[PDB]
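In: need coordinates for the below:
(chains A and B)
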Amino acid sequence: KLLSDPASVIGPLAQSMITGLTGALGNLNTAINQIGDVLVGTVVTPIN
Amino acid sequence: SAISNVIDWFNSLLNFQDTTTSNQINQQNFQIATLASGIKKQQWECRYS
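Out: Numbers count the residues shown, from 1 in each chain, chains lettered A, B, ... in the order given. Provided below are the atomic coordinates:
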């Protein structure tokens, strides 16, 4: 069951357990926030 | 907050857009009117304006 369908057997787990998931989400959210902020000013260091 | 800031910036850009278009139309019409009107011959130089 763990090989085929790991849904029922494995319970809910925190995003922080996944490697780099929180980092990617934070990067995307910060990019969106910077996109919003630049249009009104508040000069900030660009992400990429 | 980012989407709200984008909304505000877009509204500001639209305001600038309409103001600039209105100013362009007004300036061109004013120049055309000034060119059309202007100096007219006095009464003694000729009868007609």
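In: how about the residues of chain B by chain A?
Out: Taking CB under 8 Å from any CB of the partner chain as the test, the list of chain B residues beside chain A reads B:1-6, B:8-9. For every residue, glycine as well, the C-beta is placed using N, CA and C.
In: for the buried ones among these, write the corresponding PyMOL selection.
Out: The PyMOL selection below is limited to those of the residues of chain B next to chain A classed as buried (16 or more other CB atoms under 10 Å in any protein chain shown):
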select buried, chain B and resi 2+5+6
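In: relative to chain A, which of the residues of chain B next to chain A is nearest.
Out: Proximity of the residues of chain B next to chain A to chain A (CB to the nearest CB) peaks at residue B:2, which lies at 2.4 Å.
In: before we move on, back to that, can I get the residues of chain B next to chain A in JSON lines with secondary structure and distance to residue A:19?
Out: What follows is the residues of chain B next to chain A, written out as JSON lines (DSSP: H, G, I helix; E, B strand; the rest coil; distance: CB to CB, whole Å):
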{"residue": "B:1", "secondary structure": "coil", "distance to residue A:19": "29"}
{"residue": "B:2", "secondary structure": "helix", "distance to residue A:19": "27"}
{"residue": "B:3", "secondary structure": "helix", "distance to residue A:19": "30"}
{"residue": "B:4", "secondary structure": "helix", "distance to residue A:19": "33"}
{"residue": "B:5", "secondary structure": "helix", "distance to residue A:19": "32"}
{"residue": "B:6", "secondary structure": "helix", "distance to residue A:19": "32"}
{"residue": "B:8", "secondary structure": "helix", "distance to residue A:19": "38"}
{"residue": "B:9", "secondary structure": "helix", "distance to residue A:19": "37"}
